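S.K.: For reference, the structure I am asking about is given below.
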Amino acid sequence: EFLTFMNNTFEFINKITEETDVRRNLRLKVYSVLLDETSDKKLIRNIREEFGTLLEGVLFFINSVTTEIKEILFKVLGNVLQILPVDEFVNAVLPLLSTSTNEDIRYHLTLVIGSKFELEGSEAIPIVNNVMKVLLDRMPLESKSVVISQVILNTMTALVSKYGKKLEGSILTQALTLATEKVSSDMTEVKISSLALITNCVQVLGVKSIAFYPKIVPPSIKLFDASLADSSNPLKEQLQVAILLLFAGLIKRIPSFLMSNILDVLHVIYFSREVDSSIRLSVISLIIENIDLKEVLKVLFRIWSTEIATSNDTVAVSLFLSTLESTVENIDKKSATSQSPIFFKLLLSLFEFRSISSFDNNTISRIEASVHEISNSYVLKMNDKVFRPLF
Amino acid sequence: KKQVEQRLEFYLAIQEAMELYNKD
Amino acid sequence: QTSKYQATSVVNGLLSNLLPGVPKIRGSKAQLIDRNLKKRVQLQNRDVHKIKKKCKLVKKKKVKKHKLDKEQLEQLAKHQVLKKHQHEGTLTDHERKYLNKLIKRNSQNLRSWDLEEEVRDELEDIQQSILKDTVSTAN
Amino acid sequence: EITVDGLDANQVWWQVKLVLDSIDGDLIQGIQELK
RNA sequence: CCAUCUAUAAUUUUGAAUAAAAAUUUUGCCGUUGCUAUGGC
């Protein structure tokens, strides 16, 4: 009865708003007013104000819907979203976020704003700068709501990824400061959004983010240790990937500054159980072609003796072997000779792995085979003088 | 003719976010 | 679950930007060791650069298509504004030049069909001869 | 600015190296003019 | 390829039990018909 009528009711606003001639199209009429210089400005603000209520009204029905009637509303909303340009969309929508009192509606308004920028270009740079100042100011207000908090951070992440470099620098630094503070948030969602924003922000800023470096890496390493402890976390896999992807982005952008703390980075990769091996093995490579190999080989000895040797983890050992073989096949003539005593010291420990190893004979034999080929690769590529004492 | 017959035969993302929130 | 979906979407985006070829988020121990070592070389041999190219080209087409749609749409609205202003005599200085250009454009086009001045000279001369015999006028 | 808070000697040097190397180019050019 | 070593499967001890753990060693597709056998492409 009412539902059948109500189902019919939304066919109208779909039919009328559907963009099936200058005169007929509601969309086209809007631009003519905007393009028309003689049109009163007080007339324009009516269009902006009127649209905001219309967009809020349709969202309310969507929020409070019935599958077929639910489907029609999106057809209506899609027509509504395209009535007016991005220039007027942001002006007529950004004020409504604070005005809106419903958490569901605020959750909806954030999504639509991002969708408009999904297909925009450099023309919206001044628009995007305005949006950030609003979104940044709403973050302390919306800290209570996780879903709203997560979405706002996600929207910032997508758009800092897209032409983020062209955005005014003050916003970027403020976003980075905002993200680092939210990393400590207890809720897993805020962290992964916080880590995600740091990756892009560090990517754009590059060396200019070095000031925040003490606030990025040391917390992340501590976060990873907590990540292992809470294995019941439903987002453990997503959280761990975020930590790894955080390192991967900054391994590309700030290699030199990370060499000192490179050891803990490897500790993250080796012992990140939930993440896929392909994810880990990929970021192993990036270390090789971005960070000085000589530092790596020094660290490979320490990590092996400290953790990997007693780890008794198949994945960790295999990942360690993949690192060592990759380094030796890339390390240069001069660097290999200089670092030779440490490599041989590591080699002796590797030979002695059978004594302490808890794995079966087949594994240890296969592991030993990988050790021998790299040693043959490493002993080759040096001169007589360096090798004679070591022999 | 039946033989000929056989020969004849032979030759939105935000929408998803909206719905998934309502389910919760 | 929007927590979950939003969580995945963000990390999935990061993965494509940084590790395009890596898959997205959705037995004997010796064999495991061998597999990982094999995965190293093939991943090293993966052709990531063309993957990055493909996603760019896909995105560029969508942005280009929308840009054309905006470019087309505003011209129709722009031309509409010219109609209403012209009928009401609200023409601005800019609008009085665009139409004036159209006068030149159309008038320039009609000149080609108007033919040359040199040809009309003998055409006119031939034209009179044929009239005067058929129209007569001696009587 | 060269950040020193919460950063080791090696990291500080990298900040020093990038700044000085960039400043080397114009400083040398300035010296050539003054000569 | 042969051996060897693993893997899979079975009996057994603690064990309500799970659990670990020593120990040992009929079709490519589609049906019908039984609880097995044959009809179409």
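To be explicit about the labels: the chains of the structure tokens are called A, B, and onward in the order shown, and within each one the residues are counted from 1, while ligands get numbers from 1 in the order they are shown.
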For stretch 85-97 of chain A, list every protein, DNA or RNA residue within 9 Å, evaluated using only C-alpha atoms (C1' of nucleotides), and leave out those in the same chain fewer than 6 positions away; present the list as an MDAnalysis selection string.
M.R.: chainID A and resid 30:31 45 47:53 55:56 105:106 109:110 113 116:117 120 124 127 130:131 134:135 138
S.K.: Would you put the residues from that selection into a file with N, CA, C and O atoms, as an mmCIF file, in the first residue's frame?
M.R.:
```cif
data_model
loop_
_atom_site.group_PDB
_atom_site.id
_atom_site.type_symbol
_atom_site.label_atom_id
_atom_site.label_comp_id
_atom_site.auth_asym_id
_atom_site.auth_seq_id
_atom_site.Cartn_x
_atom_site.Cartn_y
_atom_site.Cartn_z
ATOM 1 N N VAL A 30 21.409 24.543 -14.597
ATOM 2 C CA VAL A 30 22.182 25.041 -13.462
ATOM 3 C C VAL A 30 23.409 25.802 -13.948
ATOM 4 O O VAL A 30 23.708 26.905 -13.473
ATOM 5 N N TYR A 31 24.138 25.227 -14.908
ATOM 6 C CA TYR A 31 25.347 25.878 -15.401
ATOM 7 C C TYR A 31 25.027 27.201 -16.082
ATOM 8 O O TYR A 31 25.769 28.178 -15.929
ATOM 9 N N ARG A 45 23.297 31.536 -4.338
ATOM 10 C CA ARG A 45 23.337 30.915 -3.016
ATOM 11 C C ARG A 45 22.058 30.138 -2.736
ATOM 12 O O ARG A 45 22.068 29.173 -1.960
ATOM 13 N N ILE A 47 20.584 28.314 -5.028
ATOM 14 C CA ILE A 47 20.854 27.031 -5.670
ATOM 15 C C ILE A 47 21.753 26.180 -4.783
ATOM 16 O O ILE A 47 21.524 24.977 -4.612
ATOM 17 N N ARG A 48 22.790 26.791 -4.204
ATOM 18 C CA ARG A 48 23.682 26.054 -3.315
ATOM 19 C C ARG A 48 22.939 25.575 -2.075
ATOM 20 O O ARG A 48 23.022 24.400 -1.700
ATOM 21 N N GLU A 49 22.205 26.478 -1.423
ATOM 22 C CA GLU A 49 21.470 26.105 -0.221
ATOM 23 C C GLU A 49 20.385 25.082 -0.533
ATOM 24 O O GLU A 49 20.209 24.109 0.209
ATOM 25 N N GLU A 50 19.647 25.284 -1.627
ATOM 26 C CA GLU A 50 18.572 24.358 -1.969
ATOM 27 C C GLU A 50 19.114 22.965 -2.261
ATOM 28 O O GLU A 50 18.529 21.961 -1.838
ATOM 29 N N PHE A 51 20.232 22.885 -2.984
ATOM 30 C CA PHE A 51 20.803 21.583 -3.313
ATOM 31 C C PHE A 51 21.221 20.830 -2.057
ATOM 32 O O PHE A 51 21.018 19.615 -1.956
ATOM 33 N N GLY A 52 21.818 21.534 -1.092
ATOM 34 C CA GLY A 52 22.270 20.869 0.119
ATOM 35 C C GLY A 52 21.143 20.173 0.856
ATOM 36 O O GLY A 52 21.304 19.048 1.336
ATOM 37 N N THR A 53 19.987 20.831 0.958
ATOM 38 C CA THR A 53 18.826 20.190 1.564
ATOM 39 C C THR A 53 18.373 18.991 0.742
ATOM 40 O O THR A 53 18.027 17.941 1.296
ATOM 41 N N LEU A 55 20.244 17.095 -1.270
ATOM 42 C CA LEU A 55 21.204 16.018 -1.061
ATOM 43 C C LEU A 55 21.049 15.415 0.328
ATOM 44 O O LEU A 55 21.118 14.191 0.492
ATOM 45 N N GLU A 56 20.837 16.254 1.344
ATOM 46 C CA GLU A 56 20.604 15.726 2.684
ATOM 47 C C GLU A 56 19.320 14.907 2.731
ATOM 48 O O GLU A 56 19.266 13.860 3.388
ATOM 49 N N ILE A 105 24.633 10.274 8.332
ATOM 50 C CA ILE A 105 24.649 11.255 7.252
ATOM 51 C C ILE A 105 26.053 11.817 7.069
ATOM 52 O O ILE A 105 26.559 11.909 5.945
ATOM 53 N N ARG A 106 26.714 12.177 8.173
ATOM 54 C CA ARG A 106 28.087 12.658 8.068
ATOM 55 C C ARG A 106 28.981 11.605 7.433
ATOM 56 O O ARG A 106 29.873 11.929 6.639
ATOM 57 N N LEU A 109 28.249 11.985 3.714
ATOM 58 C CA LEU A 109 28.745 13.183 3.035
ATOM 59 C C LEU A 109 30.237 13.083 2.736
ATOM 60 O O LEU A 109 30.707 13.591 1.712
ATOM 61 N N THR A 110 31.004 12.457 3.627
ATOM 62 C CA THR A 110 32.436 12.325 3.377
ATOM 63 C C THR A 110 32.702 11.505 2.120
ATOM 64 O O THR A 110 33.582 11.847 1.321
ATOM 65 N N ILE A 113 32.122 13.440 -1.266
ATOM 66 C CA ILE A 113 33.143 14.444 -1.548
ATOM 67 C C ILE A 113 34.343 13.800 -2.229
ATOM 68 O O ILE A 113 34.868 14.322 -3.221
ATOM 69 N N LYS A 116 33.812 12.898 -5.992
ATOM 70 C CA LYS A 116 33.885 13.993 -6.953
ATOM 71 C C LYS A 116 35.325 14.259 -7.374
ATOM 72 O O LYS A 116 35.583 14.628 -8.525
ATOM 73 N N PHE A 117 36.278 14.080 -6.457
ATOM 74 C CA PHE A 117 37.685 14.286 -6.779
ATOM 75 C C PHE A 117 38.328 13.075 -7.440
ATOM 76 O O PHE A 117 39.487 13.165 -7.860
ATOM 77 N N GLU A 120 38.750 14.326 -11.082
ATOM 78 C CA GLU A 120 39.140 15.711 -11.298
ATOM 79 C C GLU A 120 40.641 15.814 -11.558
ATOM 80 O O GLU A 120 41.397 14.853 -11.392
ATOM 81 N N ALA A 124 41.077 21.571 -9.717
ATOM 82 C CA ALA A 124 40.482 21.513 -8.387
ATOM 83 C C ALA A 124 41.492 21.714 -7.264
ATOM 84 O O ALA A 124 41.132 21.541 -6.095
ATOM 85 N N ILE A 127 40.261 24.121 -4.874
ATOM 86 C CA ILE A 127 39.129 23.494 -4.198
ATOM 87 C C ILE A 127 39.624 22.535 -3.125
ATOM 88 O O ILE A 127 39.137 22.539 -1.989
ATOM 89 N N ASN A 130 40.826 24.069 0.148
ATOM 90 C CA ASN A 130 39.729 24.435 1.036
ATOM 91 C C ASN A 130 39.206 23.222 1.785
ATOM 92 O O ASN A 130 38.933 23.295 2.989
ATOM 93 N N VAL A 131 39.057 22.094 1.090
ATOM 94 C CA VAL A 131 38.454 20.924 1.712
ATOM 95 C C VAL A 131 39.322 20.444 2.869
ATOM 96 O O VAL A 131 38.813 20.055 3.927
ATOM 97 N N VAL A 134 38.936 22.207 6.106
ATOM 98 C CA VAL A 134 37.719 21.748 6.771
ATOM 99 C C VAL A 134 37.930 20.368 7.385
ATOM 100 O O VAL A 134 37.668 20.156 8.574
ATOM 101 N N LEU A 135 38.423 19.411 6.592
ATOM 102 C CA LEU A 135 38.567 18.048 7.102
ATOM 103 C C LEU A 135 39.522 18.003 8.287
ATOM 104 O O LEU A 135 39.277 17.281 9.261
ATOM 105 N N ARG A 138 37.701 19.133 11.318
ATOM 106 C CA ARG A 138 36.675 18.219 11.805
ATOM 107 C C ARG A 138 37.260 16.990 12.491
ATOM 108 O O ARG A 138 36.526 16.286 13.193
#
```
S.K.: Give me, as JSON lines, each residue of chain A that comes within 8 Å of chain B, together with its shortest interatomic pair and the distance in Å at one decimal, counting only C-alpha atoms, with rows ordered by chain and rising residue number.
M.R.:
```
{"residue": "A:63", "atom": "CA", "partner": "B:22", "partner_atom": "CA", "distance": 7.2}
{"residue": "A:74", "atom": "CA", "partner": "B:15", "partner_atom": "CA", "distance": 7.1}
{"residue": "A:108", "atom": "CA", "partner": "B:18", "partner_atom": "CA", "distance": 7.4}
{"residue": "A:111", "atom": "CA", "partner": "B:14", "partner_atom": "CA", "distance": 6.7}
{"residue": "A:112", "atom": "CA", "partner": "B:14", "partner_atom": "CA", "distance": 7.3}
{"residue": "A:115", "atom": "CA", "partner": "B:14", "partner_atom": "CA", "distance": 7.6}
```
S.K.: Give me a file of those residues, with N, CA, C and O atoms, as a CSV table (one decimal), in the first residue's frame.
M.R.:
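Dumped everything to again29.csv:
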```csv
chain,number,residue,atom,x,y,z
A,63,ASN,N,19.7,6.4,4.2
A,63,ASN,CA,20.1,6.0,5.5
A,63,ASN,C,19.0,5.3,6.3
A,63,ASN,O,19.3,4.4,7.1
A,74,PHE,N,19.6,5.4,-5.2
A,74,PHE,CA,21.0,5.7,-5.8
A,74,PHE,C,20.8,6.3,-7.2
A,74,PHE,O,21.6,7.2,-7.5
A,108,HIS,N,28.0,9.6,5.2
A,108,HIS,CA,27.7,9.6,3.8
A,108,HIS,C,28.3,10.8,3.1
A,108,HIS,O,28.8,10.7,2.0
A,111,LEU,N,31.9,10.4,1.9
A,111,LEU,CA,32.2,9.6,0.8
A,111,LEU,C,31.9,10.3,-0.5
A,111,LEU,O,32.7,10.2,-1.5
A,112,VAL,N,30.9,11.1,-0.6
A,112,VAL,CA,30.5,11.7,-1.9
A,112,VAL,C,31.6,12.7,-2.3
A,112,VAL,O,31.9,12.9,-3.4
A,115,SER,N,34.4,11.0,-4.0
A,115,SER,CA,34.0,10.6,-5.3
A,115,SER,C,34.1,11.7,-6.4
A,115,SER,O,34.5,11.4,-7.5
```
S.K.: Chain C residues within 9 Å of chain B, counting only C-alpha atoms: which ones, as JSON, numbers by chain?
M.R.: {"C": [1, 2, 5, 6]}
S.K.: In chain B, what's alpha helix (DSSP H) per DSSP? Answer as a PyMOL selection string?
M.R.: chain B and resi 2-10+13-23
S.K.: Please dump the current selection as an mmCIF file, in the first residue's frame; keep N, CA, C and O atoms.
M.R.:
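Saved the output as again-v5.cif:
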```cif
data_model
loop_
_atom_site.group_PDB
_atom_site.id
_atom_site.type_symbol
_atom_site.label_atom_id
_atom_site.label_comp_id
_atom_site.auth_asym_id
_atom_site.auth_seq_id
_atom_site.Cartn_x
_atom_site.Cartn_y
_atom_site.Cartn_z
ATOM 1 N N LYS B 2 15.808 -30.969 -39.013
ATOM 2 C CA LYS B 2 16.319 -31.018 -37.650
ATOM 3 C C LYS B 2 17.840 -30.953 -37.645
ATOM 4 O O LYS B 2 18.440 -30.322 -36.767
ATOM 5 N N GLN B 3 18.482 -31.595 -38.624
ATOM 6 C CA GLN B 3 19.932 -31.492 -38.741
ATOM 7 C C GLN B 3 20.358 -30.048 -38.964
ATOM 8 O O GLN B 3 21.339 -29.582 -38.374
ATOM 9 N N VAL B 4 19.628 -29.321 -39.812
ATOM 10 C CA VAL B 4 19.944 -27.916 -40.050
ATOM 11 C C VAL B 4 19.770 -27.110 -38.770
ATOM 12 O O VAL B 4 20.536 -26.179 -38.496
ATOM 13 N N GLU B 5 18.759 -27.453 -37.968
ATOM 14 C CA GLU B 5 18.497 -26.701 -36.745
ATOM 15 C C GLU B 5 19.693 -26.748 -35.802
ATOM 16 O O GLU B 5 20.099 -25.716 -35.255
ATOM 17 N N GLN B 6 20.271 -27.933 -35.600
ATOM 18 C CA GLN B 6 21.434 -28.035 -34.726
ATOM 19 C C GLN B 6 22.596 -27.226 -35.282
ATOM 20 O O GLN B 6 23.332 -26.580 -34.527
ATOM 21 N N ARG B 7 22.776 -27.248 -36.602
ATOM 22 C CA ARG B 7 23.811 -26.427 -37.217
ATOM 23 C C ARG B 7 23.535 -24.944 -36.997
ATOM 24 O O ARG B 7 24.463 -24.162 -36.760
ATOM 25 N N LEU B 8 22.266 -24.538 -37.077
ATOM 26 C CA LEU B 8 21.925 -23.134 -36.873
ATOM 27 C C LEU B 8 22.315 -22.674 -35.475
ATOM 28 O O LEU B 8 22.871 -21.584 -35.299
ATOM 29 N N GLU B 9 22.022 -23.491 -34.465
ATOM 30 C CA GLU B 9 22.349 -23.111 -33.096
ATOM 31 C C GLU B 9 23.858 -23.087 -32.880
ATOM 32 O O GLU B 9 24.376 -22.210 -32.181
ATOM 33 N N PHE B 10 24.576 -24.043 -33.475
ATOM 34 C CA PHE B 10 26.016 -24.135 -33.258
ATOM 35 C C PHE B 10 26.715 -22.869 -33.744
ATOM 36 O O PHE B 10 27.551 -22.300 -33.031
ATOM 37 N N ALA B 13 31.048 2.253 -6.461
ATOM 38 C CA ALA B 13 31.845 2.002 -5.265
ATOM 39 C C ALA B 13 31.184 2.599 -4.028
ATOM 40 O O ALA B 13 31.089 1.937 -2.988
ATOM 41 N N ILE B 14 30.718 3.846 -4.123
ATOM 42 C CA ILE B 14 30.049 4.477 -2.989
ATOM 43 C C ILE B 14 28.741 3.759 -2.681
ATOM 44 O O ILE B 14 28.334 3.652 -1.518
ATOM 45 N N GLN B 15 28.057 3.272 -3.719
ATOM 46 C CA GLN B 15 26.882 2.430 -3.518
ATOM 47 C C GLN B 15 27.208 1.240 -2.624
ATOM 48 O O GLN B 15 26.440 0.896 -1.718
ATOM 49 N N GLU B 16 28.351 0.594 -2.868
ATOM 50 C CA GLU B 16 28.736 -0.551 -2.050
ATOM 51 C C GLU B 16 29.007 -0.132 -0.611
ATOM 52 O O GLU B 16 28.594 -0.821 0.329
ATOM 53 N N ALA B 17 29.699 0.992 -0.417
ATOM 54 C CA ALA B 17 29.936 1.487 0.935
ATOM 55 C C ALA B 17 28.622 1.815 1.633
ATOM 56 O O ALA B 17 28.474 1.587 2.840
ATOM 57 N N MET B 18 27.660 2.366 0.890
ATOM 58 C CA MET B 18 26.355 2.678 1.461
ATOM 59 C C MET B 18 25.646 1.420 1.936
ATOM 60 O O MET B 18 25.124 1.367 3.056
ATOM 61 N N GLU B 19 25.585 0.405 1.073
ATOM 62 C CA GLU B 19 24.862 -0.811 1.418
ATOM 63 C C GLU B 19 25.540 -1.537 2.570
ATOM 64 O O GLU B 19 24.870 -2.032 3.485
ATOM 65 N N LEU B 20 26.872 -1.588 2.556
ATOM 66 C CA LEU B 20 27.599 -2.362 3.555
ATOM 67 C C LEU B 20 27.517 -1.713 4.934
ATOM 68 O O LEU B 20 27.574 -2.414 5.950
ATOM 69 N N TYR B 21 27.381 -0.384 4.993
ATOM 70 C CA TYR B 21 27.145 0.280 6.273
ATOM 71 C C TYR B 21 25.765 -0.044 6.825
ATOM 72 O O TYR B 21 25.610 -0.264 8.032
ATOM 73 N N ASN B 22 24.746 -0.068 5.964
ATOM 74 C CA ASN B 22 23.394 -0.343 6.437
ATOM 75 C C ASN B 22 23.291 -1.752 7.009
ATOM 76 O O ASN B 22 22.575 -1.981 7.990
ATOM 77 N N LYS B 23 23.998 -2.711 6.405
ATOM 78 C CA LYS B 23 23.974 -4.075 6.920
ATOM 79 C C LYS B 23 24.528 -4.144 8.338
ATOM 80 O O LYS B 23 24.106 -4.997 9.128
#
```
S.K.: For chain A, which residues have at least one atom within 8 Å of chain C, if we go by only C-alpha atoms? Write them as a ChimeraX atom specification, please.
M.R.: /A:22,28-29,31-32,35-36,119-121,147,150-151,154,157,189,192-193,196,235,238,241-242,245,248-249,277-279,281-282,285,314-315,318-319,322,362-363,366-367
S.K.: So that I can see what lies close to residue A:383, please list as a compact mmCIF listing (two decimals) with N, CA, C and O atoms, in the first residue's frame the residues with an atom at most 12 Å from it, counting only C-alpha atoms (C1' of nucleotides) and leaving out residues fewer than 2 positions away in the same chain.
M.R.:
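Once written, selection15.txt looks like this:
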```
# COMPACT_ATOMS: atom_id res chain seq x y z
N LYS A 333 82.71 -5.39 -6.04
CA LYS A 333 84.05 -5.92 -5.79
C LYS A 333 84.66 -5.29 -4.54
O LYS A 333 85.11 -6.00 -3.63
N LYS A 334 84.68 -3.96 -4.48
CA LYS A 334 85.35 -3.28 -3.38
C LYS A 334 84.63 -3.51 -2.07
O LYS A 334 85.25 -3.81 -1.04
N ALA A 336 82.61 -5.95 -1.21
CA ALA A 336 82.69 -7.34 -0.77
C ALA A 336 84.00 -7.62 -0.03
O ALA A 336 84.00 -8.26 1.02
N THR A 337 85.12 -7.13 -0.57
CA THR A 337 86.40 -7.36 0.08
C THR A 337 86.45 -6.70 1.45
O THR A 337 86.92 -7.31 2.42
N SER A 338 85.96 -5.47 1.56
CA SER A 338 86.04 -4.75 2.83
C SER A 338 85.20 -5.43 3.90
O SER A 338 85.60 -5.49 5.07
N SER A 340 84.41 -8.57 4.06
CA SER A 340 84.66 -10.01 4.11
C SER A 340 84.73 -10.60 5.52
O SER A 340 84.11 -11.66 5.73
N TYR A 378 80.57 -15.59 -2.95
CA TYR A 378 81.24 -14.56 -2.17
C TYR A 378 82.75 -14.74 -2.16
O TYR A 378 83.49 -13.76 -2.25
N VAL A 379 83.24 -15.98 -2.03
CA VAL A 379 84.69 -16.19 -2.05
C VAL A 379 85.25 -15.84 -3.42
O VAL A 379 86.28 -15.17 -3.53
N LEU A 380 84.58 -16.26 -4.49
CA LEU A 380 84.80 -15.63 -5.77
C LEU A 380 84.38 -14.17 -5.66
O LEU A 380 83.60 -13.80 -4.78
N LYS A 381 84.91 -13.34 -6.55
CA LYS A 381 84.71 -11.89 -6.53
C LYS A 381 85.58 -11.18 -5.50
O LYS A 381 85.31 -10.03 -5.17
N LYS A 385 94.83 -11.53 -1.55
CA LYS A 385 95.35 -10.95 -0.31
C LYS A 385 94.30 -10.97 0.79
O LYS A 385 94.60 -11.31 1.94
N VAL A 386 93.06 -10.59 0.47
CA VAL A 386 92.01 -10.55 1.49
C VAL A 386 91.64 -11.96 1.94
O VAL A 386 91.36 -12.19 3.12
N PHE A 387 91.63 -12.91 1.01
CA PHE A 387 91.15 -14.25 1.33
C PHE A 387 92.18 -15.08 2.09
O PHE A 387 91.79 -15.93 2.91
N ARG A 388 93.47 -14.87 1.84
CA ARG A 388 94.49 -15.71 2.47
C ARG A 388 94.40 -15.70 3.99
O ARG A 388 94.41 -16.79 4.59
N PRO A 389 94.32 -14.55 4.67
CA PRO A 389 94.11 -14.61 6.13
C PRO A 389 92.82 -15.31 6.52
O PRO A 389 92.80 -16.09 7.47
N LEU A 390 91.73 -15.04 5.79
CA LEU A 390 90.45 -15.63 6.14
C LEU A 390 90.47 -17.14 5.99
O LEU A 390 89.83 -17.87 6.77
```
S.K.: Using only C-alpha atoms, I'd like a table of the residues in chain A that come within 6 Å of chain D; for each, show the closest atom pair and its distance in Å rounded to one decimal, ordered by chain and ascending number, as JSON lines.
M.R.:
```
{"residue": "A:211", "atom": "CA", "partner": "D:3", "partner_atom": "CA", "distance": 5.9}
{"residue": "A:214", "atom": "CA", "partner": "D:6", "partner_atom": "CA", "distance": 5.7}
{"residue": "A:257", "atom": "CA", "partner": "D:11", "partner_atom": "CA", "distance": 5.0}
```
S.K.: Hey, can you spit out that residue selection with C-alpha atoms as a tab-separated table (two decimals), in the first residue's frame?
M.R.:
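To be explicit, this is the file written out as selection30.tsv:
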```
chain	number	residue	atom	x	y	z
A	211	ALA	CA	61.72	16.21	11.10
A	214	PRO	CA	61.41	10.14	15.28
A	257	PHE	CA	68.21	8.03	7.04
```
